[PDB]
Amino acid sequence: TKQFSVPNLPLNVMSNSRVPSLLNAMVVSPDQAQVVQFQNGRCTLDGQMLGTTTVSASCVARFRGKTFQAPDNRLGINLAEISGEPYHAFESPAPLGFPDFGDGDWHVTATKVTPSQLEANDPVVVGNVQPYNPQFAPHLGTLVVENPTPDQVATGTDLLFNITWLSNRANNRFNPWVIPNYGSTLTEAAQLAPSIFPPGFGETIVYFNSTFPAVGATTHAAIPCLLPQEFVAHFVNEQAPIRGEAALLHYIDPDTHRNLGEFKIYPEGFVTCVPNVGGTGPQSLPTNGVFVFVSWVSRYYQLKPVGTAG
């Protein structure tokens, strides 16, 4: 009998669930090629996270591990959870929050996190991770940092990594839809968050975008996700049981309470709308509105078209 709700925070104060950035737009992308299968920002309406999704904003697209010396002055990393708890294979696709961008270089900045190594001196290590490299095995807990600086880092150093920026592979653009190949063969427990297929009734998937230093992207420096991280954290906190086939939301002007558009959020944890034909759908709406739960509805509830005709 805990009733379902969404966070009533304005869109442009909530954050991406695949990079640590503010949300500043929502778009649709119906005629786009890739499957939709992000591993971060995946959460059911009753609060079960899927893939590698963490509830922790400060773990989104981070990773942590201990260093070892790999061939040709490459820096191997044995992964742990960002909390420092051990990471074991065969249970999830990768550690919690682990970045899910497969189509380009991760230019990373790391710091030492052992307090005894933080009494003095420069704790930073930088480098790049190439998820398309053959020595990228996050399911089994290991990856490589190419061209580290310093070249020489003592074995067993505990490092916490951030993605400072992403870039395209040579002669391609960087597609932020493409998830990594996590390697191995995943147990049933460690299964990827499923892919999401286009719903019916003229509906198209809604993406929440952030501007992000993603250099050479197909999207013009924009990272899409299926749910704001605050939605993930809200559903995990609430654990409201699913009581309908989908959940109708209204996107409200917060001051004047006018309804700016109708959306559906499905049990599997993604939002849809029906774009006004020939326009950008929700992209033209102001970004300072607030989502509110109206009611559960069935799958065939017909949404009012949102946006302008063009």
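The numbering used is simple: start at 1 and walk along the sequence shown.
- Higher mean CA B-factor, judged across 104-112 and 67-75 from the recorded values: 67-75.
- If you average the C-alpha B-factors over 155-163 and over 182-190, the higher value belongs to 182-190.
- Each of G47, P254, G269, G244 has a CA temperature factor in the record; the biggest one is found at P254.
- Which of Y132, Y207, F98, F235 has the largest Cα B-factor in the deposited entry comes down to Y132.
- Compared with the other modelled residues of the chain, the Cα B-factor recorded for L303 ranks in the middle third.
- In this PDB entry, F212 carries a Cα temperature factor that places it within the lowest third of its chain's modelled residues.
- Compared with the other modelled residues of the chain, the Cα B-factor recorded for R258 ranks in the highest third.
- Ranked within its chain, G51 lands in the lowest third, by CA B factor from the PDB record.
- In this PDB entry, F231 carries a Cα temperature factor that places it within the lowest third of its chain's modelled residues.
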